[PDB]
Each structure stands twice: as C-alpha cells, then as structure tokens.
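Structure, as structure tokens:
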Amino acid sequence: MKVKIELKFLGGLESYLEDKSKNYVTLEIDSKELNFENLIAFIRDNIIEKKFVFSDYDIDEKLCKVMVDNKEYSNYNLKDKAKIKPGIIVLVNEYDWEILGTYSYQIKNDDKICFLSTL
Numbered sequence: 001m002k003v004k005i006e007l008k009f010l011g012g013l014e015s016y017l018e019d020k021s022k023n024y025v026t027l028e029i030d031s032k033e034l035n036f037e038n039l040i041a042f043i044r045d046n047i048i049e050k051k052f053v054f055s056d057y058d059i063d064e065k066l067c068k069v070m071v072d073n074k075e076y077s078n079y080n081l082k083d084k085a086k087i088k089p090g091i092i093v094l095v096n097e098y099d100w101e102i103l104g105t106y107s108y109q110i111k112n113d114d115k116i117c118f119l120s121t122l
C-alpha cells in the first residue's frame, strides 16, 4: 500500500543529508515489503552521504521505485537488511521504537521517523 513518511535526522546526522537546508526528507514507497531492515539499508546508502556513520555494512535484489523529496530512486532494495548503528536512537511519531517492536514495527502512511545520534 501507498506509504508516505518523514525521515528526520538529529544529533549531527542531518549534516550528511543531500539537502542541508532541512534536517528531514519525505519518503514515498508503494510496496507491502517496506520494513525497518530495508529502510535502514536504503537510508545508509542513498540518504546519508557519509560512510560508516548510520549503519554497519553487515550484508539478493528485488528493486522498487521510491521518491525522496522530489527525487525518484529506482534502486530501493526490498531484500536488503541493515541494523541501525549502536548509539543511534530511533523514534516513530516521537515514541522510542523499543515500545513499538523495533524492526518488527509495521511502518504506516504518515509516520514520522527520527534517527538521533548520540555518537
């Protein structure tokens, strides 16, 4: 189903965004396979411009089109999986993702996700 979310970056993570005029991007995806594992892998390689600061390079391809603000990407790998780097706090709608089921959380249309570095 159609999912439009906000991805906010805090604690210094915003300095690695393509658009440095704001600390967030909007992501649009029309796939039932969207999850935090493929979302973290995609942010790691396409939204965060600096290497090693967001997620480890721990890890098949099933690619899909996504919108990041007004830019289309065709390399969103629904089969990729990545863990958030320790020291990065994840919030969904300002709730700690630990009370949401972390990686098992079903991301929903209009969710506001925040990544806050303590590193």
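Throughout the sequence shown, residue numbering follows the authors' numbering, covering 1 to 59, 63 to 122 in sequence. In this text, a Cβ means the ideal position worked out from N, Cα and C, and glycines have one as well.
Report task. Give me whichever residues DSSP pairs with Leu103 in a beta bridge. Result -> Paired residue(s): none; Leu103 is not in a bridge.
Query - DSSP state of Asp58 mapped onto helix, strand, coil - result: coil
Query raised in the report: Do we get a CB-CB distance below 8 Å when we pair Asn96 with the residues of chain B?
Result: This model lacks chain B altogether; it includes just one protein chain.
Query raised in the report: In angstroms, rounded to a whole number, what distance separates the CA positions of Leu13 and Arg44?
Result: 11 Å
Query - CB-CB length for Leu39 against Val3, believed under 8 Å - result: Actually they do not touch by this definition, with Cβ atoms about 10 Å apart.
**Report entry** Proximity below 8 Å, CB of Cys117 to CB of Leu103
**Finding:** no
Query raised in the report: For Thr121, which residues from the same chain have a beta carbon less than 8 Å from its beta carbon, with the 5 sequence-adjacent residues on both sides left out?
Result: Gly11, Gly90, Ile91, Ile92
**Report entry** Whether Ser77 touches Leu66 by CB criterion (8 Å)
**Finding:** yes
Query raised in the report: Do you know how far the Cα of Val69 is from the Cα of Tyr79?
Result: 7 Å
Report task. Determine the DSSP secondary structure at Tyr76, reduced to helix, strand or coil. Result -> strand
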